[PDB]
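Novice: this one's a deposited entry, sequence included:
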There are 2 protein chains.
Amino acid sequence: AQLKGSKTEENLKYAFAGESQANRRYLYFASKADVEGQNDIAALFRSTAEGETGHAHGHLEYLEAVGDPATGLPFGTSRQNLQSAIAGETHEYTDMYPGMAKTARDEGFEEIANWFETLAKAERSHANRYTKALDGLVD
Amino acid sequence: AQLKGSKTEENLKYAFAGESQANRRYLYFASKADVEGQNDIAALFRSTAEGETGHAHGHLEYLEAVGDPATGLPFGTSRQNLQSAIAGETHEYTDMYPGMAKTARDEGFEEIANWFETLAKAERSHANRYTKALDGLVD
Ligand SMILES: [Mn+2]
Ligand SMILES: [Mn+2]
Ligand SMILES: [Mn+2]
Ligand SMILES: [Mn+2]
């Protein structure tokens, strides 16, 4: 059976997105529990988040057969991983975040539009720094 | 301007999913670099990943006004956060992972099917442990 083109490929991508968001959400919830003084709850959110890291990385390992879910490019070696990170980052800073900022401004959300513009600049920095590292890579 | 129902709400959800995945992907890439001996590259993936945590958590802060992107439910306090986590985990073990497992088996990916079944069981454990924590919450 060929994973490329299958429903199972799409399910792995969806589940990877879900596990990734679960870790982020659980760490955000841990920080809320921190401030409240709910240290036992915070520790449980953190421990569960480690589980979601293991799940997401297992999904990504299967996706090595088909490509990085963010870009379609192969991944595995540092050279490949940097090239994929660069392509994804370039999309975020040239297209995704500028477009989101425009939509937010048009809809009346000036603070959110400025946030998206801050993130476009931040992803441009990430893209350039990864490109510098790729040029310096000796493998 | 009301965030609920807007294109900006959908963009925050999409950007939250993207930043979450970027952190997970960059830490996976860092582990690849670790094994290769590319320690400077690994450190860069880790530092960039901290940036993506800050971005994702900023997106989530805006989404507090409309609901948890995984469940649609309120979030903020530990009680709310545990409630939303339990609902999401319950969806994962009663619906999402079992259905992904069946599709994998039907398509001939027996190992991936077994992986989805392991995760269904793990998410059920997560749900039940969060429920025990909510039962004990004093707030
Ligand atoms: Mn999980
Ligand atoms: Mn970035
Ligand atoms: Mn980012
Ligand atoms: Mn879980």
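Specialist: Thanks, I have it. Numbers count the residues shown, from 1 in each chain, chains lettered A, B, ... in the order given. Ligands and ions are numbered 1, 2, ... in the order given.
Novice: tell me the centre residue of chain A?
Specialist: The geometric centre of chain A, computed from its C-alpha atoms, lies nearest to residue A:20 (C-alpha atoms, centre = their mean), at 7.4 Å.
Novice: what's the first helix or strand after the helix or strand where residue A:82 lies?
Specialist: Per DSSP states H and E: residue A:82 is located in helix A:78-91. Once the chain leaves helix A:78-91, the next helix or strand it forms, by DSSP H and E, is helix A:97-106.
Novice: could I have that next one exported to CSV, CA atoms only?
Specialist: Only the C-alpha atoms of helix A:97-106 are listed here, as CSV (Å, rounded to 0.1, in the frame of the first residue of the first chain):
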residue,chain,number,x,y,z
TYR,A,97,0.8,37.0,7.8
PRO,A,98,0.6,40.1,5.5
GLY,A,99,-2.7,38.8,4.1
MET,A,100,-4.1,38.1,7.6
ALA,A,101,-3.0,41.6,8.7
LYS,A,102,-4.9,43.2,5.8
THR,A,103,-8.0,41.2,6.5
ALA,A,104,-7.9,42.1,10.2
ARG,A,105,-7.5,45.8,9.4
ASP,A,106,-10.3,45.7,6.9
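Novice: what are the contacting residues of it?
Specialist: With contacts defined as C-beta atoms under 8 Å, 6 or more residues apart in numbering or on different chains, helix A:97-106 is touched by A:110, A:112-114, A:116-117, A:119-120, A:123, B:7-8, B:11, B:15. All C-beta spots, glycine's among them, are computed from the backbone N, C-alpha and C.
Novice: please see if that helix touches ligand 2.
Specialist: No. Shown here: helix A:97-106 not in contact with ligand 2 (C-beta under 5 Å from the ion), separated by at least 10.1 Å.
Novice: follow-up on the earlier one: who touches the residue nearest to the centre of chain A in this structure?
Specialist: A:52, A:56, B:17, B:20-21, B:23-24.
Novice: please enumerate the helices of chain A.
Specialist: A:7-36, A:39-63, A:78-91, A:97-106, A:110-136 (DSSP state H).
Novice: would you mark the buried spots in the longest one?
Specialist: By 16 or more other C-beta atoms under 10 Å in any protein chain shown, the buried positions in helix A:7-36 come out as A:8-9, A:11-13, A:15-30, A:32-34.
Novice: what do you get for the second one?
Specialist: By neighbour count on 16+ other C-beta under 10 Å, the buried set for helix A:39-63 is A:41-42, A:44-46, A:48-49, A:51-53, A:55-60, A:62-63.
Novice: now it against helix B:78-91, angle please.
Specialist: Counting by axes from the mean of the first three to the mean of the last three C-alpha atoms, to 10 degrees, helix A:39-63 points 30 degrees away from the direction of helix B:78-91.
Novice: check which helices and strands helix A:39-63 sits against.
Specialist: helix A:7-36, helix B:7-36, helix B:78-91, helix B:110-135 (3 or more C-beta pairs under 8 Å, 6 or more residues apart in numbering or on different chains; DSSP states H and E).
Novice: and that helix, how far out from the chain middle?
Specialist: Distance, stretch centre to chain centre, for helix A:39-63: 15 Å (C-alpha atoms, centre = their mean, to the nearest Å).
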